[PDB]
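To keep things clear, I will list the structure first and then write my remarks on it.
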Amino acid sequence: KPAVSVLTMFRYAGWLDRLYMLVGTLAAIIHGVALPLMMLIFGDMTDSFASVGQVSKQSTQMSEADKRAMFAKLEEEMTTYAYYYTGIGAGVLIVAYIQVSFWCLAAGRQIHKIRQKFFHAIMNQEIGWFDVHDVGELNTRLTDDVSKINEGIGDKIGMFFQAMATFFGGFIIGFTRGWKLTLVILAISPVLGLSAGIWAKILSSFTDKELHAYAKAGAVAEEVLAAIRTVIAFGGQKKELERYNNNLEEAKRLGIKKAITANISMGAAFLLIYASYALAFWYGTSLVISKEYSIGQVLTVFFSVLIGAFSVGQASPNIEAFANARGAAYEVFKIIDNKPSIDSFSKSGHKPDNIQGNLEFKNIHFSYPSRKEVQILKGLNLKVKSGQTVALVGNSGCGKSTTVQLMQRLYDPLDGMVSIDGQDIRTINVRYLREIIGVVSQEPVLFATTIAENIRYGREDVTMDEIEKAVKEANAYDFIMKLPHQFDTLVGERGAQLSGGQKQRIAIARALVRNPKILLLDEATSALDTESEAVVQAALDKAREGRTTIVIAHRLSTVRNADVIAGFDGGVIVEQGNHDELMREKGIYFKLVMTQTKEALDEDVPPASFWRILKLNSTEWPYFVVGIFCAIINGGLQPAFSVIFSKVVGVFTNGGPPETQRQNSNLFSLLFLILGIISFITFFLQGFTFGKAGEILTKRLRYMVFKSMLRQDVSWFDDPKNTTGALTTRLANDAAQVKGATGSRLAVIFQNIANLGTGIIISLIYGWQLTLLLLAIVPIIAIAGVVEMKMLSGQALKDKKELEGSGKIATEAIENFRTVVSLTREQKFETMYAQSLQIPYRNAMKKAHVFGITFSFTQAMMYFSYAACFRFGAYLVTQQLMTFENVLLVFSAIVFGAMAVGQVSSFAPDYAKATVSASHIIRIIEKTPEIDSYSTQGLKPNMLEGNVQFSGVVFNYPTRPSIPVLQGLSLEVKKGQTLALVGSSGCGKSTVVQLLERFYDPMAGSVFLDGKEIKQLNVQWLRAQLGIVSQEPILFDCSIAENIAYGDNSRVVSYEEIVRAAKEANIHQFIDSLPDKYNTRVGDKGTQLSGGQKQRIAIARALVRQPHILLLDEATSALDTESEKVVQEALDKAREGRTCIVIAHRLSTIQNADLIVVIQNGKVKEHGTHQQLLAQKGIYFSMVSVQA
Ligand SMILES: CC(C)[C@H]1NC(=O)c2c[se]c(n2)[C@@H](C(C)C)NC(=O)c2c[se]c(n2)[C@@H](C(C)C)NC(=O)c2c[se]c1n2
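For the sequence shown, the positions run 30 to 626, 681 to 1271 when the authors' numbering is used.
Take a look at the structure:
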């Protein structure tokens, strides 16, 4: 993974930028050391109560002389301590504000220049750059990687400096207040980073082991869902459900262990930090009895050091974000500092005023940049006279268009030069070159705007009248005037789709507006019907007037009208001259003449479900029974801590017998380690309870889910929201993550309710007014912590949604770069981009201010809470209300308990994502279809007749109830006789075949099989005797024997049936010939096969079940040569003794059908045999008159 040097990355910072960064950092530093200072002052705070405990404990000394020496003293000390606390907080809001605000600000101002110059840089690149690069990922880079470099030069490093300042502040205050104790805790430190480092490796080892564990089930997942039509059709749903399941109980069982080890990692962590508490206090409290360190000093150094330690942990992601931001900056700066071979942005060449129009190509050697290994043009020589129209032909290779591509100077020749007049094409400016060179591509292209605007892109300073005149010059003024909104009619990608002819003509106009003296036409008529081709070529011929025109077309019809015809054989131009010369010399030209004669949309729709998801995991009560109790223990573990902590310093603040200062000390210290042991117990237990639970739940769930998917109708997979990828992804992620809402959430809610629950009881007994103040302050800060992540993500989305206005412009400007570059106007697109950017950049100032005041609002009262609680608490302890130890206890319980619930909320997966990803699962499983293939109901007679009779039956697709497909068409087919379907196109060609297979339910009307209605029969048994062959047959990545045997399920197929079904489909010859026999895998993972052979296998497939009904629907549209003959020959011998329904567009193998049905609109307007309908001179006579 690459990265830019740090200095190079802030290259686009300036005066004010460097200023903002420096001031910001300076604020970050002082914000950082604020917390350790708060710790020192905390120690200096406890050291004062320590003196008022011991005196008032032992016996009695002075009743009237204590209120003056103690009560009046502590008020006088807390009146200054309050100033210290509140002071530091009041400063903190300011310094935090400057920090976040300024960093965010400067960052934004840099990014703004970065994205723009990135866009400009992409545009500056020549097409040779676009050839070797993927425009798809480049387009995404402009949004994702610039956003990625935005994060990591802003708030993140502000919080990095703050974090490091908290580190050094903590260690400095530590060493300044305490020498020994700091070295103690730091001596404990290297066993934590050694532990967090090995346990991270263990969890990451099984994590990458899961990816390629379940992938063996995802393979048979995507394979099924992709081939689903043939699956339901061949009813292999059972064998496929099983085949899927057999790869589940080997991939998540691997995950059980990982869940376990993860929990053990967390447990070990708590064990070791609790151990550090035990040891640290065991040393410090024994250090205060020898009256070396005070009690408050122990706290000062312990807190400051621990805080400075965790500061790095909270500095780690902030420096990681800076890191990978440099990695992104590498790609972007690369493009910006890159000046291409052709610029193409500033004039450096001449601008001829003649301007003539004489073309010349002298000794052109050129090969494409993508493949330097294959040379294209070798000594290309070709001159073109003024106004003379020259055509290119020969069917050599890309060379043709390459010449055209060389002409607008897209590429530059390897050897030789392309000269216009007496000057080379490189000795002239490139902008001006392409302004005087028009071009019409093989595929037209229009930008999402108005026709008028699409024209403007050819020339900006054109009046409406000029636009009109130009439109007329392209024979486009007719249909455009017919458009509803005239010239303001929308076009392009989204809105008002046009025909290829119209779209192309508009482009002819666009080019014509430039008034070029040279006109290039690369397959302009190509990919167009014979009717539009007339008008298009008509405009073109009138556009070749007064202009020097080179033209390449696949159709030699419009070629003979040129002045010079040039032929291409290999890399050189061999035959050149008039039409008659090339006809007379019988060249390549003559030979050709004779040879040619959804992510958001998904998550939005489901409502629900409040805690019903748990009912899914409910199948295993015990794991949860142990889990909940364990969770309550691990939860009550935290309140215990804050109690025992308050008891450590309590015995050194409330005095008492000095002889009992040690006896107590060592008790509590050791007890902490005890509190550690049980903490490693709970997590070891939890990882066996919930950990297993959600995993079993996962496996099981997927099974159910997958089964559910196979139950659905075919109408559900046609639904635009359910694709094989989205379904397999739904299966791979949301099915696993459901566990989040089951065990883990119970664990969290119980650890929380135990912690804050029991903890609030304790703090309520040890304090009335103080606890009531704390249960007031803490929730208020907690609400702020929510609002913090509300206005953060909230205005994070608002910024992106106003950034799509740019994203569109960029995207359109990139995917059609090769187009715009020929119309120049790249700078016009840049200007559009900036005009789109000017609005969210203006909202970056207010943005920074907002992040500022929000962050500072949260951060400010985080110290004011200390100030309030300790002031009020001091007010308590000083007066008759007791005591200090109780103040510290209440504080610790409620506050650090409240932080504890934060950590517990952060552990488990996100409940929101869990629930929404669960709802899809519960809806998918509980989804009852119209057509059920699992039902064990149905007739199943003894009659092997098979008569198909559609009566009435009007149908329309559920996906799109617009222009119904079947308007109640009717027909009938008897046994043996085969039907034929003829029409303009599909619908309802395929629809009928699909209805017999029962893929849909017609709104009104019925379809009868034999004497019974279809809906009365068994769904599966109906498809048990229905054979089906689509246009593009698919096989399974298993094997051939299984593929053939896949036709008939719920039975042992064996060698006999397969060889018998192979020999009659005429595929047996191809099997022994290619090593080895039947064991081969198809396809893509094994030996590839041509469509012919694969389809033959697909026939031998449908033939195994001995179907009395074959459904043939546009079987072979892509089969050529003598491969289509043997296929249909193999078909003909299996069409006897079976009812068949054939659909073809060939119209040459329908002449021998028994019945031929001409379906038009939504009904049958012609029926009978071939010659019968032929003598009818209806629509069948006009449809068969195109066979010449
Ligand atoms: C250190 C920071 C990560 C962070 N710790 C936690 O957010 C946390 C989440 Se569970 C937990 N801590 C447990 C647990 C670690 C045993 N410890 C306590 O409940 C506890 C009772 Se007294 C006390 N801490 C003192 C300390 C210094 C004795 N801590 C602080 O003044 C302090 C200010 Se921020 C912060 N700590």
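The beta carbon of each residue, even a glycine, is placed where N, CA and C say it ideally should be.
Can you name the start and end residues of the alpha helix (DSSP H) that residue i belongs to?
i: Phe728; result: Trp704 to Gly733
i: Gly1035; result: Careful: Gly1035 lies outside any alpha helix (DSSP H), inside the beta strand (DSSP E) at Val1031 to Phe1038.
i: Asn1126; result: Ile1123 to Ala1128
i: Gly529; result: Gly529 to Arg543
i: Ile365; result: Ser345 to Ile365
i: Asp1015; result: Counting along the chain, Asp1015 falls outside any alpha helix (DSSP H), and DSSP gives it neither H nor E.
i: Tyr126; result: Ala101 to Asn153
What is the residue span of the beta strand (DSSP E) that residue i lies within?
i: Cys1223; result: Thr1222 to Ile1226
i: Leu1109; result: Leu1109 to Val1112
i: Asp1215; result: It is not in any beta strand (DSSP E) - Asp1215 instead sits in the alpha helix (DSSP H) that spans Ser1206 to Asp1215.
i: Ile289; result: Run containing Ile289: none in the beta strand (DSSP E); it sits in the alpha helix (DSSP H), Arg282 to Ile318.
i: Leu1022; result: Segment: none, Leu1022 is in no beta strand (DSSP E) and carries neither H nor E.
i: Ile1192; result: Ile1192 to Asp1196
So, with DSSP's three-state summary, where would you put residue i?
i: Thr479; result: strand
i: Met446; result: strand
i: residue 654; result: Absent from the coordinates is residue 654, which sits in the stretch where the chain moves from 626 straight to 681.
i: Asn410; result: strand
i: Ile1007; result: helix
i: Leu439; result: coil
i: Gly877; result: helix
i: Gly1251; result: strand
i: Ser1073; result: helix
i: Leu557; result: coil
i: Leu64; result: helix
i: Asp95; result: coil
i: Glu610; result: helix
i: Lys376; result: coil
i: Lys1160; result: coil
Beta-carbon within less than 8 Å of residue i's beta-carbon, same chain only, minus the 5 sequence neighbours each way: which residues are those?
i: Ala951; result: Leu856 and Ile860
i: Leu283; result: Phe235, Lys238, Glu239 and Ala242
i: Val220; result: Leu301
i: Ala503; result: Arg534, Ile535, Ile537, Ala538, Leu541, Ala568 and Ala572
i: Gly1066; result: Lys1072, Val1241, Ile1242 and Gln1243
Counting only the same chain and skipping the five closest in sequence on each side, list residues whose C-beta sits under 6 Å from that of residue i.
i: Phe310; result: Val731 and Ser752
i: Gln326; result: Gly72, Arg206 and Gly207
i: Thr578; result: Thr418 and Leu548
i: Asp1084; result: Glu1013
i: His1151; result: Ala1145
i: residue 676; result: Absent here is residue 676, because the residues of the chain run from 626 on to 681 with nothing modelled in between.
So what does residue i bridge to, in DSSP terms?
i: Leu548; result: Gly467 and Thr578
i: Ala420; result: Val580 and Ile594
i: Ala1063; result: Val1225 and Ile1239
i: residue 665; result: Residue numbering in the chain breaks between 626 and 681, and residue 665 falls inside that break, so it has no position here.
i: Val601; result: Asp598
i: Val1090; result: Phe1033
i: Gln942; result: Its beta-bridge partners do not exist; DSSP assigns none.
Note down, in chain order, each residue of its chain lying with its Cβ closer than 7 Å to the Cβ of residue i, except the 5 sequence neighbours on either side.
i: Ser399; result: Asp160 and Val161
i: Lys268; result: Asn1132
i: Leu1109; result: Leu1079, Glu1080, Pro1190, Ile1192 and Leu1194
i: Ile117; result: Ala63, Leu66, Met67 and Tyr946
i: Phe938; result: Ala125 and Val129
i: residue 21; result: The structure shown does not extend to residue 21, since the chain is modelled only from 30 through 1271, so no value can be given for it.
i: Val788; result: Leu814, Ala818, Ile1004, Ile1007 and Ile1008
At a cut-off of 7 Å, would you count residue i as near ligand 3, judging by its Cβ distance to the nearest heavy atom?
i: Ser1122; result: Looking at this structure, you won't find ligand 3 anywhere; what it does contain is ligand 1.
Subject >> Residues surrounding ligand 1 [beta-carbon distance to nearest heavy atom under 5 Å] >> reply: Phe332, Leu335, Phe339, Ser725, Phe728, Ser975, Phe979, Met982, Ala983 and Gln986
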